[PDB]
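Only one structure is covered here, and it is reproduced in the block below.
Note: hydrogens, waters and symmetry copies are ignored here, and every other heavy atom, side chains too, is used. Letters A, B, ... mirror the listed sequences (proteins, then strands); counts begin at 1.
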Amino acid sequence: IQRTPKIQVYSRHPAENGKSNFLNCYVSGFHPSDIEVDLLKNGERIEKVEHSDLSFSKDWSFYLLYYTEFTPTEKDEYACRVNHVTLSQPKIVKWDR
Amino acid sequence: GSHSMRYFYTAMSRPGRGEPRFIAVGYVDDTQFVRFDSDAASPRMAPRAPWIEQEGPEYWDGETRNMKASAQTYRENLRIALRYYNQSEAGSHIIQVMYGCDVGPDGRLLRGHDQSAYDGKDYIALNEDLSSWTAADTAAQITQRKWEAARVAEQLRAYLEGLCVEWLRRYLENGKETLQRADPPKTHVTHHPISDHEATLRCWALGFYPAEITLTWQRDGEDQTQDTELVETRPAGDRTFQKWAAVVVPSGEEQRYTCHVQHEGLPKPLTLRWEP
Amino acid sequence: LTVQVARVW
């Protein structure tokens, strides 16, 4: 009856410190559609993240892309935090270049 | 090559939190071009691709009216489905519908599609003949009898063979710079030791459109399907997609592995290897 | 262009 989200965190372009880019969290394969997704910068929630319009795959499972502009640096740590009815507690997936 | 138009409707009830939300999105191939969201401050069919923007007020008003009518229809269908499955009025439930047409290079109808689900499970589907239905359970058989009595299949067939193909062809022409351009993947192989005697080789494809791609690892010329980690193709946000495939190999054997890439944007399949 | 067909379940 319920399907847990797959989560990928990644950038729009290969990352280069000091160069503007987009940070993406793609959540997919989940059902039902309600989902809570935050992008984190050093553990803190980034404000006014955008997301795509809700759509779904041939197997009926939903997908959404959450994204925000960012300028990566050697020091800053980025992550995506997802909650869904299938998850006991929020799942955190760290951005790995 | 060949092209598709697909609409996707999601109707989600939320008892105690107002009427069900209805969201519709339309795609040509892997390019979204319209959306409607009943929760928007001002719900209307709205453009999501530059080539649809040239459609006039009659188009947008017509689509907005149709999406409001559809939202009303699907709110009612959620009530109906509660009765068909003997469910309480306290739960949240979802109806989904996807429909559209596929055309070949010559613009001719290859096939039509119309499929509906309830709570993420198949409910009822129009068969490829566009004249009969496949109902997934006894509830959907009730719906099937209603649709047969009302000749719904004939109406959809008329749509799928007519307006669907005509409008798809129109969109393909108006958006030909993008909808009819394949961007091939930019590919490379990375290598990272995980221990003194194994390494990961990861074959990357970036910046490609459309989303369909095949990435496979071979060892000594044999596909390593069972042993390959493949991530889901993911959107970059600039229309293009990304994907990778990884295999764990014994240290010193890296050159026995080759990554093979097939994509519409490529004249021929690519073979690549780790280049230290 | 979307379909206009009544689909009452």
Side-chain angles (χ1 to χ4, degrees), chain A residues 6-28 39 49-53 55 57 63-72 78 80 93 95-97, chain B residues 1-4 25 27-33 48-51 171-172 175-192 200-217 228-247 257-267 269-275:
Chain A
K6 299 175 286 209
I7 304 153
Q8 294 191 68
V9 193
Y10 55 103
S11 55
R12 176 177 302 179
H13 303 295
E16 187 184 330
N17 295 327
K19 293 297 172 53
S20 206
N21 207 326
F22 279 82
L23 177 66
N24 296 328
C25 186
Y26 181 59
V27 288
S28 60
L39 300 181
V49 169
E50 320 292 324
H51 64 87
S52 60
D53 302 323
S55 193
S57 304
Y63 62 86
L64 291 171
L65 176 62
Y66 282 79
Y67 50 102
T68 183
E69 194 134 19
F70 84 133
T71 297
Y78 289 94
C80 178
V93 180
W95 179 42
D96 183 337
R97 299 162 183 255
Chain B
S2 54
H3 295 285
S4 60
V25 294
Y27 280 83
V28 173
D29 304 321
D30 300 313
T31 298
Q32 193 199 340
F33 71 103
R48 301 289 280 168
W51 48 262
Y171 297 151
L172 286 169
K176 66 182 168 199
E177 289 189 348
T178 46
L179 301 177
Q180 295 182 52
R181 185 184 82 239
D183 297 321
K186 304 164 191 175
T187 56
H188 72 282
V189 173
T190 64
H191 174 272
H192 176 65
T200 303
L201 292 177
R202 177 175 291 112
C203 188
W204 284 90
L206 298 171
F208 56 95
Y209 180 92
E212 172 61 23
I213 191 166
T214 313
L215 293 189
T216 58
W217 276 105
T228 297
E229 181 181 358
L230 211 60
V231 291
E232 190 185 359
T233 303
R234 64 196 197 192
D238 53 11
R239 107 167 190 135
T240 65
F241 295 88
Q242 311 181 342
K243 190 184 191 73
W244 60 250
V247 66
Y257 287 81
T258 52
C259 174
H260 299 253
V261 185
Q262 301 177 255
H263 187 266
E264 167 179 350
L266 297 169
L270 287 185
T271 302
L272 56 163
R273 295 160 98 190
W274 175 47
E275 306 167 9

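A/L39 and A/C25 make their closest contact through CD2-CB, 3.5 Å (heavy atoms, listed as atom of the first residue, atom of the second, distance). Here the shortest heavy-atom pairing between B/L201 and B/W274 reads CD2-CB, 3.8 Å. Nearest approach of B/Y27 to B/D30, heavy atoms of both residues: CD2-C, 4.0 Å. Residue B/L215 comes nearest to B/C203 through the heavy atom pair CD1-O, 3.8 Å, listed as atom of the first residue, atom of the second, then distance. Between B/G265 and B/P267 the shortest heavy-atom distance is O-CD, 3.7 Å. Residues B/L266 and B/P184 share a closest heavy-atom pair of CD2-CB, 3.9 Å.
For A/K6, the salt bridge (charged side-chain N to carboxylate O under 4.0 Å, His left out) test picks out B/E232, with sequence neighbours left out. By the salt bridge (charged side-chain N to carboxylate O under 4.0 Å, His left out) test, A/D53 is found to be paired with B/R35, B/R48, residues two or more places apart in sequence or in another chain being considered. Residues passing the side chain to side chain donor-acceptor pair (under 3.5 Å) test with B/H191, sequence neighbours excluded: B/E254. For B/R234, the side chain to side chain donor-acceptor pair (under 3.5 Å) test picks out A/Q8, B/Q242, with sequence neighbours left out. In this structure, the salt bridge (charged side-chain N to carboxylate O under 4.0 Å, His left out) partners of B/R181, at least two apart in sequence or on a different chain, are B/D183. Contacts of B/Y171 classified as ring pair (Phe, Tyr, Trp, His ring centres under 6.0 Å), with partners at least two apart in sequence or in another chain: B/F33, B/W51, B/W167. With sequence neighbours left out, the ring pair (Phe, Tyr, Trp, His ring centres under 6.0 Å) criterion links A/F70 to A/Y78, A/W95. For B/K186, the side chain to side chain donor-acceptor pair (under 3.5 Å) test picks out no residue, with sequence neighbours left out. Under the ring pair (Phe, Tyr, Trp, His ring centres under 6.0 Å) criterion, B/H260 pairs with no residue, sequence neighbours left out. Residues passing the side chain to side chain donor-acceptor pair (under 3.5 Å) test with B/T240 are B/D238, sequence neighbours excluded. With sequence neighbours excluded, no residue forms a salt bridge (charged side-chain N to carboxylate O under 4.0 Å, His left out) with B/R202.
Side-chain contact check for A/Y63 and A/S52: no donor-acceptor pair (N or O, by modelled atom type) lies under 3.5 Å.
Distance check, rounded to the nearest 0.5 Å: NZ of A/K19 to OG1 of A/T71 gives 10.5 Å. Atoms CZ and CG, from A/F22 and A/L65 in turn, are 10.5 Å apart once rounded to the nearest 0.5 Å. The CZ atom of B/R239 lies 7.5 Å from the CG atom of B/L179; values are rounded to the nearest 0.5 Å. Interatomic distance, B/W244 CH2 to B/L230 CG, rounded to the nearest 0.5 Å: 8.5 Å. One finds the CG atom of B/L270 at 12.0 Å from the OG1 atom of B/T258 (value rounded to the nearest 0.5 Å).
Within the 4.5 Å cutoff, side-chain heavy atoms of B/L172 are placed close to those of B/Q180. Residues B/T31 and B/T178 form no side-chain contact, since every pair of their non-hydrogen atoms from C-beta on lies 4.5 Å or further apart. Residues A/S11 and A/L23 are not in side-chain contact: their nearest non-hydrogen atoms beyond the backbone lie 4.5 Å or more apart.
Between the B/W217 side chain and the B/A245 main chain, a donor and an acceptor come within less than 3.5 Å of each other. Without hydrogens or angle criteria, A/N21 side chain to A/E16 main chain gives no donor-acceptor distance under 3.5 Å. The main-chain N or O of A/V9 is never found under 3.5 Å from a side-chain atom of A/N24 such that the two would form a donor-acceptor pair. With A/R12 contributing its side chain and A/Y67 its backbone, the two residues share no donor-acceptor pair below 3.5 Å.
Aromatic ring orientation, B/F208 versus B/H263: perpendicular (interplanar angle above 60°, classes split at 30° and 60°).
Within the structure, the salt bridge (charged side-chain N to carboxylate O under 4.0 Å, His left out) test picks out no pair touching residues 204-213 of chain B (sequence neighbours left out).
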